[PDB]
């Protein structure tokens, strides 16, 4: 598949993953980056006076996009 098509799917897989773990939250995606079959999606959550930066690594295996690594940091 094309470059933009794969970034779009990986971002949505990543974002849906964050939405599930954070039900009462608004999730924005700030950057999507592709390196080979690995796509890195950076997301930010801002709720209850806290700011959490999230990095999720999505992997393309054949034509499935699976989350492999999630990193969260809470500030403020």
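Numbering follows the first chain given and starts at 1.
Taking only CA atoms, the mean B-factor in the PDB entry is higher for 47 to 55 than for the other of 34 to 42 and 47 to 55. Mean CA temperature factor is higher for 21 to 29 when stretches 58 to 66 and 21 to 29 are set side by side in the entry. Residue-level temperature factors show residue 6 in the lowest third of its chain, judged at the C-alpha atom. Residue 76: CA B factor lies in the highest third for its chain, per the PDB record.
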